[PDB]
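Heads up, the thing below is written out as structure tokens.
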Amino acid sequence: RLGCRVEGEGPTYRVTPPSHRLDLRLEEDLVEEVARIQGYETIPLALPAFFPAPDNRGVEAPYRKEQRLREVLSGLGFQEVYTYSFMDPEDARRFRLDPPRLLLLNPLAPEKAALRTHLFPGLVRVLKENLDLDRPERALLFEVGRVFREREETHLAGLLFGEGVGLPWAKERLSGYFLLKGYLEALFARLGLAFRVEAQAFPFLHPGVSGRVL
Amino acid sequence: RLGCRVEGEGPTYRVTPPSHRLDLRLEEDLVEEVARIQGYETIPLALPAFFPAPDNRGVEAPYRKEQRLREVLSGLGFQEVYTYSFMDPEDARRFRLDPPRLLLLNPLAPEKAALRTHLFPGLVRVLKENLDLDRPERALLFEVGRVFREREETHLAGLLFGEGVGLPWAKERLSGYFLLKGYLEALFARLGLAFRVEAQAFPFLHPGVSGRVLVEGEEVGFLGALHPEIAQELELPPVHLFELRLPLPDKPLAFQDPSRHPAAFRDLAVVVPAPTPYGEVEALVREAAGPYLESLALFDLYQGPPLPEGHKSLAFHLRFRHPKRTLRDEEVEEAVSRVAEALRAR
Amino acid sequence: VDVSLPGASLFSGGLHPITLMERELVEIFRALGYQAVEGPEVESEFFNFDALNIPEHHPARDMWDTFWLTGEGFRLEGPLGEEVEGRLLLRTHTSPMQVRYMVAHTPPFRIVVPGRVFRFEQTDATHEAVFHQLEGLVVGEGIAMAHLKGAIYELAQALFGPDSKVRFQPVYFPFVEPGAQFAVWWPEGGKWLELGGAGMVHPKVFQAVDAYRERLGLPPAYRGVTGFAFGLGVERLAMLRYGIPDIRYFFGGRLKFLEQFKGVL
Amino acid sequence: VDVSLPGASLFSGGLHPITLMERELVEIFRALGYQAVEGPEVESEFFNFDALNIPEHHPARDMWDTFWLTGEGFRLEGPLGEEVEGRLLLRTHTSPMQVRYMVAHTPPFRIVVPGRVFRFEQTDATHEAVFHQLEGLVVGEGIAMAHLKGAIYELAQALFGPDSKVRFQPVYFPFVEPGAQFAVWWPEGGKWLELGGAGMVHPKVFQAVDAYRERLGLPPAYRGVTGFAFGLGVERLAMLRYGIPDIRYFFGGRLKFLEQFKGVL
Ligand SMILES: Nc1ncnc2c1ncn2[C@@H]1O[C@H](COP(=O)(O)OC[C@@H](N)Cc2ccccc2)[C@@H](O)[C@H]1O
Ligand SMILES: Nc1ncnc2c1ncn2[C@@H]1O[C@H](COP(=O)(O)OC[C@@H](N)Cc2ccccc2)[C@@H](O)[C@H]1O
Ligand SMILES: [Mg+2]
Ligand SMILES: [Mg+2]
């Protein structure tokens with residue numbers, strides 16, 4: 001009916017399509033046809049069952065690993081955040097860090113013309129705009145994303161700010177660096193990983209209050 | 001070969017077993033046979049595939065609910081613990097609580113002759129023995145288990161003890177009741193449930209430091225400091241508790257667009273009798289604030305020399321917002337009064 | 001500032017190994033389309049023994065050393081929220097849930113049931129009085145033993161392997177004919193581990209289910225369908241997995257032990 | 001003491017709605033035996049277009065407005081940890097992972113692939129430039145369309161329903177013949193929702209896979225096996241589920257918004 005010529009006796013036939021049909025080249029293109037003409041709704045519902053080939057066995061591990069982590073954080077008290085993977089080449093300056101190794105040939109905007117090399121610049125930047133819209137006294141949050149240096153990498157950064165924790169009415173607070181560390185230590189405590197910090201010089205980090213993580 | 005008589009032509013046969021075989025009565029008993037004789041190892045491996053009947057659809061919900069919770073706790077900082085479901089009838093006394101409604105007819109020991117009606121007695125009891133074996137400075141933990149009263153119930157209790165949190169080397173600590181509450185509040189904050197406490201008398205809880213718990217809009221469990229009398233009947237120092245009933249109710253989120261128009265900020269204090277509970281206070285102020293009250297917090301309070309011997313002060317930070325447009329000052333210092341009016345007009 | 005200094009002592013939580021093992025076992029079966037549901041620890045002699053082809057005065061009732069209860073005003077709920085009668089006790093195994101579920105639902109389905117069970121034996125290092133089991137039940141038309149075999153195999157692979165394999169030996173249980181005990185191949189330690197029991201659901205159990213269903217006004221649902229169930233010791237497995245030596249260690253609320261599993265995941 | 005007072009201001013964490021929706025979608029498919037795996041955001045023109053039957057100068061290459069990249073010393077890794085070549089870009093959809101996976105593995109298998117993708121369109125309230133998709137692929141001998149149909153149906157049931165149903169309309173995609181776009185029945189809101197696309201993997205894609213495999217020294221694995229794949233918009237769905245109105249809201253790091261999903265689970 002579609003204008004095909006069907007020769008042969010079976011079971012495999014010789015079918016020559018009309019020339020106006022350029023989409024019809026393979027046997028499958030032919031099948032998509034019986035399908036739509038008979039009606040996709042006429043295809044029954046089923047479920048497959050099979051033992052997956054062996055090399056597929058552990059596959060989920062990494063993904064799951066990341067998620068248990070993501071989860072632990074939100075439970076420790078961190079608000080999750082999603083930041084664009086872009087970067088304003090200019091901030092490579094504003095924030096003392098090397099330049100982005102990857103640039104766009106068709107940037108959406110000259111402020112999103114590079115690919116984030118770091119995650120924190122974005123967090124900090126989020127901090128600001130929040131302050132300007134609503135005025136949060138304190139803020140603790142994290143983000144997991146892909147940064148781009150020589151190779152694509154999965155990074156995790158967290159930012160703390162505010163008065164800190166303690167009694168609201170009661171005067172004192174307990175916050176600052178040693179608070180952020182407090183949480184960190186707890187997190188590994190929960191992950192079963194032995195962590196420590198050692199003072200290190202970081203271009204974007206006030207010195208004295210700078211440190212590498214182990 | 002097994003001594004069965006097999007009559008009939010097929011497909012269904014008449015098989016009469018030998019009399020020494022008492023285990024052979026049904027057709028299935030007969031099948032187990034072909035199986036073991038042919039060898040269980042000769043049965044192939046397969047996997048079934050089918051669309052589950054509809055009424056099986058949501059089934060996992062409760063179980064999962066409990067687990068997300070269990071999980072959140074360990075993440076908030078609570079060490080999980082497993083306690084025997086038994087109870088020493090005697091502790092019904094030691095801990096001021098009614099007696100166990102269920103008893104064993106064959107107790108393992110007269111100290112495990114009843115069925116736990118509460119979870120905390122056990123936690124506390126665990127506390128002790130830990131102290132005696134290793135000497136932990138502080139401890140924060142929880143447990144989820146089945147308690148037995150009129151009906152079987154899933155409870156959740158948590159116990160805190162120690163110096164608290166703060167700088168190790170640095171002097172200060174921040175702990176005690178208000179620390180345990182701190183965590184609790186955070187937990188619900190994470191669960192999306194509105195919780196609060198109100199002072200309530202509890203036989204096993206030191207009064208003054210006693211309180212009932214109100215998950216979102218509801219009364220379930222309690223929270224407070226362990227009554228000292230018991231604190232001491234046991235070689236134990238001070239302990240802080242709370243025990244609730246699961247499942248926790250849930251508030252299905254109704255998402256809501258936040259407005260861009262900046263909020264209206266305020267400085268305000270309230271002077272009310274030293275006995276008045278923070279509760280009713282916040283409550284009133286809140287219920288009269290009006291419909292545009294975005295925030296309500298308490299930044300300070302003290303009894304205070306400069307005021308009535310029997311009254312207190314309250315630092316309340318206030319915020320307001322209107323979705324579609326900005327709030328005209330006309331409505332702000334206006335509604336503010338709407339509150340101060342019925343505030344102590346009451 | 002001295003950054004190498006300790007931060008604010010913040011509490012680091014952890015999870016009990018049994019919960020951990022439970023969770024792992026569950027995630028595993030969840031992947032084969034099983035759903036996790038729970039039952040009550042205090043059961044009726046009816047669901048624990050009667051429902052399952054277990055006799056009163058015969059050798060079967062004598063394989064499980066039970067904990068009988070007493071007390072009044074205690075309300076025991078049935079699969080449908082009805083009050084049921086029978087001498088009260090502490091569920092001897094999780095199997096009773098096989099029945100509560102089948103009474104309340106319609107096949108086909110796949111469920112797995114974790115649960116704290118109770119037995120009167122003397123507590124040694126490989127045996128306890130309070131332990132947990134995980135029950136599994138799959139009912140549907142066409143279900144065969146090969147499916148039970150497949151199921152278990154996928155479990156071994158998932159736990160050890162793919163260099164691991166499954167061992168099925170015939171054994172007897174009142175509620176399943178064919179019955180079987182099963183062991184798993186641990187390539188690492190190099191030994192066979194007897195994990196639990198399973199079999200094809202016994203006709204008398206399906207019978208019991210429908211009979212109670214009609215008693216409650218529901219139509220029969222298990223006529224002409226088949227099914228297999230199994231049940232395994234969780235501590236026995238957690239021990240082998242997380243390398244614990246004394247089963248008694250689980251209910252011994254010692255922190256130094258508990259914390260050892262903080263980062264298990 | 002005044003117990004009604006506020007406790008120690010302790011930080012309450014939360015999770016991003018996309019993560020939440022991701023997790024839910026994943027848990028769902030996990031139950032049908034699918035495994036979650038991830039790919040790279042920066043891809044090679046080869047995996048994003050060439051591998052999948054997508055032409056250079058023809059109308060197909062013209063359905064996806066791409067983001068091309070530049071820069072040196074950037075190392076792009078292939079399915080086997082080898083360096084690959086091609087003009088760099090930002091993955092336009094998650095499909096490329098279909099290939100990286102098939103090259104690195106052996107059928108039969110079931111995978112699902114969550115991932116942040118990138119497109120050059122103008123950002124409105126139902127369309128963005130940075131969004132996430134979830135890809136699904138099931139390859140094995142005997143796989144048919146009814147399986148793809150079943151798969152999707154189980155997804156609807158799992159999301160809404162069982163009073164919900166599935167809609168499959170033919171559509172065109174270079175990498176699958178038969179192609180199809182699919183909608184789900186939302187009994188609540190009472191409307192049809194166009195969710196994603198799917199189809200039976202195209203022969204040319206299987207071809208590409210083996211061809212690259214042999215190039216890498218591996219034997220052909222996809223001769224004589226069949227398969228279906230699909231892919232759906234996550235934001236489009238999260239929005240409908242969690243009741244969000246502006247798709248732009250997701251990447252707008254506003255706390256007042258983010259916190260609204262604190263207790264989603
Ligand atoms: N005293 C004890 N302490 C710890 N684990 C024990 C135990 N007694 C038994 N177990 C463990 O719990 C598992 C179940 O106990 P058992 O009495 O052997 O089986 C009882 C049935 N619930 C299993 C089954 C279900 C469905 C079909 C067939 C069989 C055993 O495989 C064993 O590993
Ligand atoms: N600009 C945009 N913003 C947000 N969501 C978008 C979007 N463009 C598309 N989407 C969503 O992402 C989904 C995938 O994009 P689309 O280009 O339609 O399909 C692309 C293929 N990855 C789907 C597929 C896989 C396997 C077999 C067949 C088809 C769409 O169903 C749509 O719901
Ligand atoms: Mg066609
Ligand atoms: Mg027999």
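Below, chain A is the first sequence line, B the second, and so on; all start at residue 1. Indexing begins at 1, ligand by ligand and atom by atom, following the structure's order.
- Here the closest heavy-atom approach between residue C/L134 and residue C/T94 is recorded as C-OG1, 4.4 Å.
- The distance criterion of under 3.5 Å between nitrogen or oxygen atoms is met by C/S95 with respect to ligand 1.
- Ring planes of C/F250 and C/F257: perpendicular class, angle over 60° (limits at 30 and 60°).
- Atom numbering of ligand 1 starts at 1 in the shown order; those under 4.0 Å from a heavy atom of C/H93 are 22 (N).
- Of the protein's non-hydrogen atoms, C/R119 NH1, 3.4 Å is the one closest to atom 9 (C) of ligand 1.
- Using a distance-only test at 3.5 Å, with no hydrogens or angles considered, a donor-acceptor pair links the side chain of C/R213 to the main chain of C/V103.
- With respect to C/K204 and B/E28, no salt bridge is recorded, no charged nitrogen being found less than 4.0 Å from a carboxylate O.
- In terms of protein heavy-atom proximity, atom 11 (C) of ligand 1 is nearest to C/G233 CA, 3.6 Å.
- In this structure, atom 25 (C) of ligand 1 lies nearest to the protein heavy atom C/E135 OE2, 3.0 Å.
- Here the protein heavy atom with the shortest distance to atom 24 (C) of ligand 1 is C/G197 O, 3.6 Å.
- Considering C/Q181, C/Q133, C/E128, C/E121 only, the shortest heavy-atom separation from atom 14 (C) of ligand 1 involves C/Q133.
- Centroid-to-centroid, the aromatic rings of C/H132 and B/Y82 come within less than 6.0 Å.
- Within the 4.0 Å heavy-atom cutoff, C/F228 does not count among the residues contacting ligand 1.
- Counting heavy atoms under 4.0 Å from ligand 1, residue C/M63 does not touch it at all.
- Given atom 6 (C) of ligand 1, the protein heavy atom at minimum distance is C/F131 CE1, 3.3 Å.
- Of the protein's heavy atoms, none falls inside 4.0 Å of atom 18 (O) of ligand 1.
- The two residues C/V184 and C/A156 have their closest heavy-atom pair at CG2-CB, 3.1 Å.
- For ligand 1, one of its N or O atoms has an N or O atom of C/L195 under 3.5 Å away.
- Taking each of C/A129, C/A229, C/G231 in turn, the one with a heavy atom nearest to atom 23 (C) of ligand 1 proves to be C/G231.
- Between B/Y84 and C/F251, the angle of the ring planes lies from 30° to 60°, which puts this pair in the tilted group.
- In terms of protein heavy atoms, atom 31 (O) of ligand 1 is closest to C/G196 CA, 3.1 Å.
- Contacts between C/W64 and ligand 1 below 4.0 angstrom, taking non-hydrogen atoms only, involve the side chain exclusively.
- Between C/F47 and C/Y212, the two ring planes are perpendicular [angle over 60°; tilted spans 30° to 60°].
- Here the side chains of C/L159 and C/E24 are in contact, with some heavy-atom distance below 4.5 Å.
- Polar contact check, C/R236 against ligand 1: a nitrogen or oxygen pair lies under 3.5 Å apart.
- Looking at C/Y222, its side chain does come within 3.5 Å of a backbone N or O of C/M102 through a donor-acceptor pair.
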